[PDB]
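# Commentary on secondary and tertiary structure
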Amino acid sequence: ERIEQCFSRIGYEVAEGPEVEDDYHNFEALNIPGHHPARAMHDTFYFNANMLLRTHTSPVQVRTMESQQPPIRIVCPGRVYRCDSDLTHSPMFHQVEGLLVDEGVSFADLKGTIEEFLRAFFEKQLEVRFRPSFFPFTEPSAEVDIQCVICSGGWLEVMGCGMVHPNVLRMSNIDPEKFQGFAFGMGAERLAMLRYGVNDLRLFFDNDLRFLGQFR
Amino acid sequence: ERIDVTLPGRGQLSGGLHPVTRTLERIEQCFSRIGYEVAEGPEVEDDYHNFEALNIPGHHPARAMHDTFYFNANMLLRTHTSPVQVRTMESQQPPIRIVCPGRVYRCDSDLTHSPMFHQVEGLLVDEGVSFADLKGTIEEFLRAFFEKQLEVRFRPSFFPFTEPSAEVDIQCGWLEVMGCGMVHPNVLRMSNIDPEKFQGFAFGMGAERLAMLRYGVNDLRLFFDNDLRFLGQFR
Amino acid sequence: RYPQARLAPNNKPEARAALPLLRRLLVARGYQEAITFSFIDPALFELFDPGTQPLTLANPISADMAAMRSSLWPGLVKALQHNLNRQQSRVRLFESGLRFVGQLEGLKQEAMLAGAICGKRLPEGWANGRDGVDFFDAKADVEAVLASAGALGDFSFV
Amino acid sequence: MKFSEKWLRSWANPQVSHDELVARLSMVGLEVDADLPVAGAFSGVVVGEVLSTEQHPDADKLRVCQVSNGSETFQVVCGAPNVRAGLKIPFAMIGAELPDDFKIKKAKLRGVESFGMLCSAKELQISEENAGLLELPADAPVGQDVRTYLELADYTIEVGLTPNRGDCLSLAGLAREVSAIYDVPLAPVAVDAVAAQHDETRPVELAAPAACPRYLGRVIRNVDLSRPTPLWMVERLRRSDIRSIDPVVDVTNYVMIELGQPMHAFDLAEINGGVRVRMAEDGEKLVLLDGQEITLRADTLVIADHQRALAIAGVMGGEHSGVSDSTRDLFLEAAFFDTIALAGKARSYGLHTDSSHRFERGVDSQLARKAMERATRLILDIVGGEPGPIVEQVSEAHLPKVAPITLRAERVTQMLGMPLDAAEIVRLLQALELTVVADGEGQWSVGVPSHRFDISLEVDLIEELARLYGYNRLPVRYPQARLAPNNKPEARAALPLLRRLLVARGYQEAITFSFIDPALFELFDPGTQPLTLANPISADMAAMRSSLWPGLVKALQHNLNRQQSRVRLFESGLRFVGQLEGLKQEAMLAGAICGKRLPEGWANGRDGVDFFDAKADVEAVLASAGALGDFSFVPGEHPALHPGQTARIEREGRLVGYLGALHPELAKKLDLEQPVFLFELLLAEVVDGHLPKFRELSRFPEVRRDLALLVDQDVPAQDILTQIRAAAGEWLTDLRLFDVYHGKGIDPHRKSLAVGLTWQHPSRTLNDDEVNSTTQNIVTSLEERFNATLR
Ligand SMILES: COc1cccc(-c2cc(C(F)(F)F)[nH]n2)c1
Ligand SMILES: COc1cccc(-c2cc(C(F)(F)F)[nH]n2)c1
């Protein structure tokens, strides 16, 4: 609710999609080739050769890009699934993904958006760090760090972002010469744990009333 | 053997909100979703904020006791939520994007008019604001509010605080629903905003009038009687 | 045209009980929302606020609309009896608005949330007890409001 | 990718401390995962040489040694089983400070004087080898500080590389970055060509040039594979997490880690008629060096001879073709394998090697020759032998070629939110070894070097610029937007609204797994085939839920077992209905309750929750958008619910959902002893409502009449209430069922329904005659439709 409010107040529309997705929307449309390791059964839950449980809410952003022409300002909260499960990782979790596609969007615009969102979210004028990273769907890309002012009980990685890849737009009929865009992703449980001081991620899916009752 | 029927459920059920409250919430939402901040101010105001700052001269008929409720020579009950927009302009420098819902008072009362009522006023002050920007804003607001792609008409009017100014009509052969205009240079100047660098637009609307159009309410007096037979209809 | 804006993500703090939130809570708790005139009869004002000089209007619309309210209670009670006289038994109302405390020099204009209840504790129904409302019914309503932002412990009823 | 900083600094030295370098690395896109010292701290330890050993005359486990530090001979008593004359060892002199505050002092061990100590790797925190003394190379410099000699003043930096930086999978790659980052000279290893000593070659055929456009081969005759890998190489490999196995593998690994070129050595005797670089035949069998017997596919590139496959190209060598103890001659290989042609191939056989990784990520297409010469020199140095000429087989047509990219300055300024100077742009791009030629005002033609496989577009160039400039040095702006006022329709019950309503109504919000146990699924949905996962995490998480109920019930009993009596939970989420072809993914709002109706309190009745408590909760939700009248609760049946206490919820005949008590048989099966009440609503049928349509308020009094109605115990109350409304005329303002009686005062198969009927005329007062008239028509209608009677 809190993540959505930060953006909906500034013109972002809440977009939803199906949890049972296809290879095109979940991978192909996002510049993830057929031979890419993310597609494997070691990371992705499958029903058959083409149908799966979505690994991210990125397919929702794809379905939006196909349906309409820019401007696009969307936030995509939802349940996502990953085959890699143990402590620190659950087979099901929640993440919010964002997308802004307009005529003159920059990496400076992205930095501004992310830095202000984190400040708004954590209710502090905290330091925000942008480290170069990689994603098939974005270029340039960054891993976003914040200080330990919200503890580990001197930086913490909280989210990722980047400028939408030209091929990602092109594939979804958006001219990369006319339109630029930025996208971002974050894990809801990671954020909740930082916010509320929750140590064990497994408390989120047990539904013990002694846990739940603490958030009244 | 332990069978039962489909009788009503046990206990308390929900009540509801007042139709004006529903209407104010709705008006605010149209703008808050696009960067407008909700601004509030006092209901007991001074002559400066309520009139002088809004380019209403001392000898102006609106100031008289036939229209304005007074406590003394300088203290009154606000005739509009415009003083809130003034207090905002004094406190900060542009950009300003605000909506000002609230209780307002007018001495003129009988049928079609109540001594107390609600209105929402808007203000946008930035570097390159135009009358085209204002038309766009108003037309899209009304469409959003009445949930229809209705025709919007702008008729030239007058206000001391705005120039140019317009009365805004919508179909159903037309109905006047709100007023607006480009903020007067003197209004900005008085509140330390340079009219050479900054332009702005403002708008005003009556909540009860809008609620009456939306819900089919005939008599404006139903709004302040609080008859449960009236209220219950907006659950 | 539609005006351009360099807008940044923002939000109010998480741990706060806003008035739109509280209104809906009271709705769910079986209350109807009333809006009453801010200026009341000086005699009514005196009944609820003995010894206080109201902030009185110089040109009131009528004499029974001359005093600025220092409580939403006279107005709520009046709306409650308006209904009682109109064949209503169970009247559960709430209002939010300003109170006017003091004379011009030192005047406090504070936002209040007030509520008034009467009649049976529950609506008339086959599954419902015919007990009349009491203090502890209103208490639960206040408790629910006071706990809306996870700070119920910060409050005490003395 | 792990490496020794000392070795990196020998190529490109940043002139900043370790801490500064490790910090910057992450800030330029090479995230450091670890930085550790190569050894423990100690002083006064030098290279010593054992001149003679003698048996200690008063302790058999000890030896009396004469040891030189290159300046003086000292008598040291030693108990290590490997201590012997000629041995080069770490000599800790008197005064030396060893780890864990161990100061070497003078000693008289069993009547014999000892002027120092000889050390093991363990004693010095070098390795965990305490088996004996750390035997140093025969040619070690006697007297030199052991930390100096063994390069112990060093750290191992580990980088978590991104798939686009395959070029950084070597010291050559990483040093090039450092040189760019810090604008410092790059000094790569000078690799002199090794001259052929003979003319023996083996032919090489490129049968698949599209998958291997370049292949280099070399004959190395009469190698002594009994010889050891030198310490410098073992240490360099170790500091990169490569364990020493054999001299030949160690060299091919060393060259790969040093330059980035994976290489392979074959036993020349195992090559029949020269090399053939070709695709495998379908079902071709090859035993790898690790013993794995792979059954190959026609899409897989192999290195073969004229008889059979020898290796799976660029991933792993075969057992037969590979070096053994009996090997006297070698055939060295350094080739370029196309990344596209190799992608996923190792994984498809369940394999992953340092070679497969580098080739998939990209190996500099021009590198093979420098690598070949380097590995030739190292092989001759380590195991001797005689090199023949290099056989280079190349396919010019299939070599990788990236077209030059035009970079526009305005596009850099736009993207970065600030302009960069032309000199700065050129300097940065040229440091990365890109070819920058000016192409008019604020435009360049840039060429991509052979080691870079991630650069093909203008945006990739801008990324490089941003990266090396510093992401955190870039400006901050908020995106512009032409925003118009907008809103969703007024008369709608959204899920955030409904959640808060349920909260206010005393519910706790649960979130359960979307995939459940197929056996649990079967309990709630008998006879339905769930949408089952092909690769579930466990077998009890194989079925996609068709209801939020199994999950809610399970969370409810989780709590019951945890000393909870009153459990009131709700969940919102998708249901999965049908198989892929026709699958419906609908959002649901479900709730589950048990225990006392009210929490424990002095003022609260101790009655337990029932159907009508859950009913009120559903009613409150269904009324959220002023459309309660649009819904009907009809007696229905559901397999998970009690058939005597189940309501089917409908809107215009369409199914909204169900409300009921959990079936006692299901409870038995789940070991649930308490009654549980469930509801589930299809959100699509709940969200729409109606906008208020004002109806004028009468100035006149209302009139009420009460009716006590005797009806058959089984006739539904809503059927009667509906008949009453139909027969009450136009002025009925309210109908209330205020009591139900099924007692002794009447027949055991009947029930009394006490109803209150209110009428109000909008324009006048109602008279008693007309009201009694209307009342009688209601009664008459109920007598004919239900054989009803007044009490
Ligand atoms: C950490 O997750 C992230 C980080 C950065 C970008 C994205 C992303 C990009 C897109 C799309 F559809 F526009 F291409 N969807 N999501 C996701
Ligand atoms: C019908 O009400 C209206 C119509 C047009 C303009 C305005 C208005 C202008 C201002 C201020 F303070 F900014 F100058 N406040 N309100 C109000």
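Check the entry above for the structure.
One structure accompanies this document, and this report is about it.

Calculation notes
Residues numbered from 1 in each chain as written, not as in the entry; some residues may be left out. Chains lettered and ligands numbered in written order. Part of a larger assembly, values for the part shown. Heavy atoms only, no water. Buried < 20%, exposed > 50% of the residue type's maximum accessible area, 1.4 Å probe, protein only. Helix = DSSP H or I, 4+ residues; strand = E, 2+ residues; numbered from the N terminus. Pairing = 2+ DSSP bridges. Contact = heavy atoms within 4.5 Å. Buried area = accessible area lost by both parts, 1.4 Å probe. Salt bridge = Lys/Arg side-chain N within 4 Å of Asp/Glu carboxyl O. Polar contact = N/O pair within 3.5 Å; in protein donor to acceptor, adjacent residues only side chain to side chain. Nonpolar A, V, L, I, M, F, W, Y, C, P; charged D, E, K, R; others polar. Axes fitted to C-alpha atoms, helices over the stretch in contact; angles between N-to-C directions. Arc of directions from axis to C-beta. Core = buried A, V, L, I, M, F, W, Y, C linked by side-chain atoms within 4.5 Å. Near = heavy atom within 4 Å. Areas by Shrake-Rupley, 256 points an atom, 1.4 Å probe, with all protein chains shown as cover. Parallel < 35°, antiparallel > 145°, perpendicular 65-115°, else oblique. Left-handed = near helix turned anticlockwise from the far one by under 90°. Disulfide = S-S within 2.5 Å.

## Some details on the pairing of strand 18 (residues 301–304) of chain D
All names here are of chain D.
- Burial along strand 18 is two-sided: the residues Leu301 and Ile303 and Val302 and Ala304 are all buried.
- Pairing of strand 15 (residues 275–279) with strand 18, which is carried by four bridges, proceeds in the antiparallel orientation. Bridge pairing in strand 18 links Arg276 to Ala304.
- Both strand 18 and strand 19 (residues 309–312) contribute to a ladder of three bridges, which runs antiparallel.

## Quick notes on the interface of chain B and chain A
- With five residues of chain B in contact, the opposing surface of chain A contributes five residues.
- At the boundary of chain B with chain A, total buried surface from both sides reaches about 360 Å², with 24% on carbon and sulfur atoms.
- The largest share of the area that chain B buries against chain A comes from B:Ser32, B:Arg33 and B:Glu37, three residues that together contribute 82% of it.
- At the junction of chain B and chain A, the tally comes to two salt bridges.
- For B:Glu37, the salt bridge goes to A:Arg9, with nearest N and O atoms at 3.0 Å.
- The tally of links between chain B and chain A comes to four residue pairs in polar contact.
- Here the side of chain B that touches chain A is composed, by residue class, of one nonpolar, two polar and two charged.

## What to know about the sheet that holds strand 24 (residues 405–408) of chain D
Residues and elements named next belong to chain D.
- An order of 24-26-25 is seen for the three strands of this open sheet, with the pairing classed as antiparallel. Each edge of the sheet is formed by a strand with only one pairing partner; in this case those strands are strand 24 and strand 25 (435–438). Strand-to-strand twist in this sheet, taken as the mean axis angle between neighbours without regard to direction, amounts to 30°.
- Judged from the four bridges that link them, strand 25 and strand 26 (residues 443–447) form a sheet pairing that is antiparallel. Bridging across to strand 26, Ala438 finds its partner in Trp444.
- Against the sheet, helix 11 (residues 409–416) touches strand 24 and strand 26, its axis set at about 60° to strand 24.

## Focus: helix 14 (residues 495–504) of chain D
- Within helix 14 of chain D, burial applies to D:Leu498, D:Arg499, D:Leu501 and D:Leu502. Take helix 14 of chain D and look down its axis: the buried residues cluster within an arc of 160°, on one side only.
- Tucked into the core, helix 14 of chain D has its buried residues touching helix 1 (19–28) of chain C together with strand 28 (508–509), strand 32 (567–577), strand 33 (584–594), helix 17 (611–622) and strand 37 (677–682) of chain D.
- Immediately downstream of helix 14 of chain D, the backbone of D:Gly506 shows phi near 90°, a positive value.

## Side note on the pattern of salt bridges
- Taken as a whole, this structure holds 99 salt bridges over all chains when the rule is applied.
- We note a salt bridge from A:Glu123 to A:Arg195, for which the minimum N-O separation is 3.0 Å.
- Using a relative accessible area of 36% as the deciding quantity, one classes A:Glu123 as partly exposed.
- One salt bridge in this structure joins D:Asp454 and D:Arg452, with 2.8 Å as the shortest N-O distance.
- Since its relative accessible area comes to 13%, D:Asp454 is described here as buried.
- Sharing partners across several salt bridges, the network here consists of D:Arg165, D:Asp167, D:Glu177, D:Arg452, D:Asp454, D:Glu464 and D:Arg467.

## Focus on the interface of chain A and chain D
- Taken residue by residue, the interface counts 70 residues in chain A and 71 residues in chain D.
- On the chain A side of the contact with chain D, A:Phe47, A:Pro132 and A:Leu209 bury the most area, a combined 12% of that side's loss.
- The tally of links from chain A across to chain D stands at six salt bridges.
- D:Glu571 is the salt-bridge partner of A:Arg79, the closest N and O atoms lying 2.9 Å from each other.
- Joining chain A to chain D, the criterion identifies 27 residue pairs in polar contact.
- Here the side of chain A that touches chain D takes eight residues from helix 4 (residues 107–121) of chain A, the largest share from any one element.
- By residue class, the composition of the side of chain A that touches chain D is 31 nonpolar, 18 polar and 21 charged.

## Things to note about the nonpolar core
- In terms of nonpolar packing, the biggest core is built from 195 residues, with A:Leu118 and B:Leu142 touching the most fellow members.
- The element that contributes the greatest number of residues to this core is helix 10 (residues 368–383) of chain D, accounting for nine residues.
- Aside from chain neighbours lying at most four places away, what touches B:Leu142 is B:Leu150, B:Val152, B:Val168, B:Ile170, B:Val177 and B:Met178.
- Core analysis: the second largest hydrophobic core is formed by 57 residues, D:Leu659, D:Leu683, D:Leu721 and D:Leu766 among them.

## Quick notes on the pairing of strand 34 (residues 631–635) of chain D
Residues and elements named next belong to chain D.
- Here five bridges tie strand 34 to strand 35 (residues 641–651), and the two strands are oriented antiparallel to one another. What sits directly across from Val634, in strand 35, is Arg648.
- Here strand 34 hands over to strand 35 after five residues, the two strands then running antiparallel side by side.

## Description of the site of ligand 2
Residue and element names in this part refer to chain B.
- Taken together, 13 residues surround ligand 2, and among them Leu54, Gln85, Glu121, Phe161 and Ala202 come closest.
- Here a nitrogen atom of ligand 2 and a side-chain polar atom of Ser82 are 3.5 Å apart.
- Within the side chain of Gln85, a nitrogen or oxygen atom sits 3.3 Å from a nitrogen atom of ligand 2.
- Taken by itself ligand 2 offers 400 Å² of open surface, and the protein chains cover 92% of this.
- For the shell around ligand 2, the secondary-structure elements that each account for two or more residues are helix 3 (82–91), strand 5 (116–126), strand 8 (174–183) and strand 9 (199–206).
- Residue composition of the shell around ligand 2, by class: seven nonpolar, five polar and one charged.

## Concerning the packing of helix 5 (residues 231–238) of chain D against helix 6 (residues 247–259) of chain D
Residue and element names in this part refer to chain D.
- Between helix 5 and helix 6, whose axes approach to 10 Å, the crossing angle comes to 55°. Classified by the interaxial angle, the pair formed by helix 5 and helix 6 is oblique. Judged by the sense of rotation from one axis to the other, the crossing of helix 5 with helix 6 is left-handed. Only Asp250, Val251, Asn253, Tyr254 and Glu258 of helix 6 make contact with helix 5, whose side of the interface consists of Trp232, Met233, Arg236 and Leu237.
- Residue composition of the contact of helix 5 with helix 6, by class: five nonpolar, one polar and three charged.

## Here we look at the environment of D:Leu332
All names here are of chain D.
- Looking at the element boundaries, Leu332 is found in strand 21 (residues 330–336).
- C-alpha of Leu332 to C-alpha of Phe266: the two residues are 66 residues apart in sequence and 6.5 Å apart in space.
- Contacts of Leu332, omitting those with residues within four sequence positions, involve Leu216, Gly217, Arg218, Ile220, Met263, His264, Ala265, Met372, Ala375, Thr376 and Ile379.

## Some points on the site of ligand 1
All names here are of chain A.
- Near ligand 1, the surroundings consist of 13 residues, among which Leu30, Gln61, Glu97, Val168 and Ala183 are the closest.
- The separation between a nitrogen atom of ligand 1 and a polar side-chain atom of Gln61 is 3.3 Å.
- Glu97 is positioned such that a nitrogen or oxygen atom in its side chain is 2.7 Å from a nitrogen atom of ligand 1.
- Secondary structure elements with two or more residues in the shell around ligand 1: helix 3 (58–67), strand 5 (92–102), strand 8 (155–164) and strand 9 (180–187).
- Ranked by residue count, the leading element in the shell around ligand 1 is strand 9, at three residues.

## Here's the deal with unusual backbone geometry
- Omega for the peptide link from A:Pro70 to A:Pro71 comes to 5°, which places this bond in the cis form.
- Residue placement: A:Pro71 occurs in the loop between helix 3 and strand 4 (72–81).
- Residue B:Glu163 is joined to B:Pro164 through a cis peptide bond whose omega torsion reads -5°.
- Here B:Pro164 shows up in strand 7 (residues 162–171).
- The backbone of D:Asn222 sits at a positive phi, close to 55°, despite the residue not being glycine.
- Here D:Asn222 lies in the loop between strand 13 (214–221) and helix 5.
- Even without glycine at this site, D:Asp671 takes up a positive phi of about 60°.
- Looking at D:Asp671, the relative accessible area reads 54%, which means it is exposed.

## Focus on the state of the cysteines
- All chains considered together, the criterion is met by zero disulfides over all chains.
- The structure places no disulfide on A:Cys151, whose sulfur is separated from the nearest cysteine sulfur, that of A:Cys148, by 8.1 Å.

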